[PDB]
Amino acid sequence: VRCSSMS
Amino acid sequence: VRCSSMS
Amino acid sequence: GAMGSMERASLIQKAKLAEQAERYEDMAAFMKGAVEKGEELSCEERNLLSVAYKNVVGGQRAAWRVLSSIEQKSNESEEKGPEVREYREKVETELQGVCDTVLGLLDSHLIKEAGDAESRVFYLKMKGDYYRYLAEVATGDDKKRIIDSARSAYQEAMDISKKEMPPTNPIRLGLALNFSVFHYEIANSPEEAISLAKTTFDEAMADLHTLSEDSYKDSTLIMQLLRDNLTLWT
Amino acid sequence: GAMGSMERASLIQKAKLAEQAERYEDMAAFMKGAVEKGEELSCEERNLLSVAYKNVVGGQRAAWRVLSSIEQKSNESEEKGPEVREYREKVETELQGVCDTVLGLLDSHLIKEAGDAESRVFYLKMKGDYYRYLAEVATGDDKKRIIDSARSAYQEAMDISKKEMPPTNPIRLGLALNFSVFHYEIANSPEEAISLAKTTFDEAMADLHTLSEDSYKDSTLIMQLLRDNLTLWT
Ligand SMILES: [Ca+2]
Ligand SMILES: [Ca+2]
Ligand SMILES: [Cl-]
Ligand SMILES: [Cl-]
Ligand SMILES: [Mg+2]
Ligand SMILES: [Mg+2]
Ligand SMILES: [Mg+2]
Ligand SMILES: [Mg+2]
Ligand SMILES: [Mg+2]
Ligand SMILES: [Mg+2]
Ligand SMILES: [Mg+2]
Ligand SMILES: [Mg+2]
Ligand SMILES: [Mg+2]
Ligand SMILES: [Mg+2]
Ligand code: NA
Ligand code: NA
């Protein structure tokens with residue numbers, strides 16, 4: 001998948 | 001819950 | 001309007017892109033532009049119009065319900081000033097504006113040019129729906145007339161659908177479903193809502209044997225919504 | 001602007017109502033109005049500003065990615081005219097406009113008045129984030145300068161956060177997380193991204209023993225995002 005930045 | 005109308 | 005310079009076919013193409021991108025306000029603006037070209041809408045185009053505005057008004061309705069609940073709690077409590085009422089009123093005014101836009105498209109001139117049962121019932125159902133959304137927020141001296149406008153549009157759609165469409169037709173089923181919700185939630189007529197949902201379900205059940213596999217799936221999906229409401233209501 | 005006549009406190013109150021109603025465009029407009037009153041923002045207010053614009057730009061970014069993917073497929077294929085490119089460009093221009101609005105608020109004059117580490121790092125991280133969102137869509141002669149602007153804002157925020165904040169501070173952790181995403185997704189530096197995420201995670205782990213139960217939960221939530229990225233990247 002795609003990496004996540006801060007929620 | 002609440003009744004549903006057409007989607 | 002702002003879409004007057006764009007080709008009808010490009011507006012339709014962009015409405016489909018906006019749907020894929022979940023940009024429902026854009027989708028509604030594109031479909032309004034397409035309607036304003038003055039030609040009748042195909043079945044697919046009618047459904048794009050409905051999807052666009054249903055999502056726009058659906059977000060507004062959900063927001064209005066949140067704000068109305070906070071407002072009512074505020075009146076049961078510390079006085080927090082006019083802000084809750086002001087913001088609920090702003091969302092309400094925007095919701096009413098979208099409903100007025102849809103009703104204006106139907107009146108100028110979608111309904112008057114709709115001669116086939118499928119198009120006429122679709123538009124009259126939509127007229128009922130958007131008056132129903134206006135009725136959800138109405139509190140003043142015109143609430144009764146708004147309710148009667150919804151009822152009248154749904155009733156005309158019902159009369160045509162019973163004469164011209166089989167009981168499994170998805171437009172007819174969705175119309176009966178929404179009219180039953182109108183009876184339950186707007187018109188304070190839960191018995192009428194229950195009776196309509198039951199009769200609609202039973203008459204569709206008896207007609208499923210005529211259908212292809214694909215039509216069967218379409219019709220039974222809406223029948224399940226009728227059953228879900230009946231389970232809630234009874 | 002249009003919020004100039006509304007009290008600062010009312011704008012904040014309405015921003016919180018808009019959040020509850022999931023009306024993030026309204027929330028952003030209210031918080032922009034609050035910033036334009038010219039007073040510094042409290043911690044809670046900074047977070048309202050960030051939530052509002054993150055949701056607005058998040059919908060735009062998701063839409064842009066959908067449209068860009070359709071556009072790229074169109075160029076691998078039947079020629080469907082200019083509509084996909086036109087609509088992707090329109091979403092892109094609106095996205096860039098929101099980023100420019102946020103960057104303008106930071107430059108006029110949130111950053112220059114922010115003297116405490118918590119506020120200054122928060123705003124510099126936001127500057128990095130919104131340049132990063134501009135970089136995601138940049139293709140022209142200014143792409144390198146946009147990337148360098150993001151890098152420079154993140155780097156200044158990093159330098160302050162390392163001097164002034166403990167390694168578990170949630171602002172410091174979220175900054176390192178987002179800078180690591182910048183390295184991986186924007187700067188073509190996956191090794192730098194991995195190293196930063198690993199070092200950030202390990203230094204936070206070593207500092208958890210100093211924290212209350214509530215602070216522990218806050219910090220470990222962000223550490224889990226670092227770990228999730230490391231799992232994806234390695
Ligand atoms: Ca009874
Ligand atoms: Ca390596
Ligand atoms: Cl308001
Ligand atoms: Cl466009
Ligand atoms: Mg033409
Ligand atoms: Mg939109
Ligand atoms: Mg009290
Ligand atoms: Mg009302
Ligand atoms: Mg009528
Ligand atoms: Mg004042
Ligand atoms: Mg909004
Ligand atoms: Mg071909
Ligand atoms: Mg681009
Ligand atoms: Mg900078
Ligand atoms: Na009427
Ligand atoms: Na810069």
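Heads up, residue numbers simply count up from 1 along the chain you see.
A Cβ is built for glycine as well, from the same backbone N, Cα and C atoms used for every other residue.
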Inset, instruction - Run through D:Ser10, D:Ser50, D:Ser108 and tell me the one Swiss-Prot describes as phosphoserine. - result: D:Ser10
Legend entry - Proximal to chain C - recorded positions among D:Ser10, D:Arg61, D:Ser77, D:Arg132, CB under 8 Å: D:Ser10
Legend entry - recorded sites listed as D:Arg61, D:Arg132, least Cβ neighbours within 10 Å: D:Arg61
Inset, instruction - Taking chain B as the partner, extract the recorded positions from D:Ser10, D:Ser77, D:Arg132 whose Cβ is under 8 Å from a partner Cβ; order them by sequence and answer 'none' if none remain. - result: none
Inset, instruction - Could you tell me how many residues in the expression tag (D:1-5) are helical, how many are strand and how many are coil under DSSP? - result: 0 helix, 0 strand, 5 coil
Legend entry - Nearest of the recorded positions (D:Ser10, D:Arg61, D:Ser77) to D:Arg132 (site 'Interaction with phosphoserine on interacting protein'), judged by Cα-Cα distance: D:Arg61
Inset, instruction - Can you grab the distance between C-alpha atoms at D:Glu76 and D:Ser77 for me, in Å and as a whole number, given the 2 missing residues? - result: 6
Inset, instruction - Have a look at the modified residues (D:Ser10, D:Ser77) and report the one with the fewest Cβ neighbours inside 10 Å. - result: D:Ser77
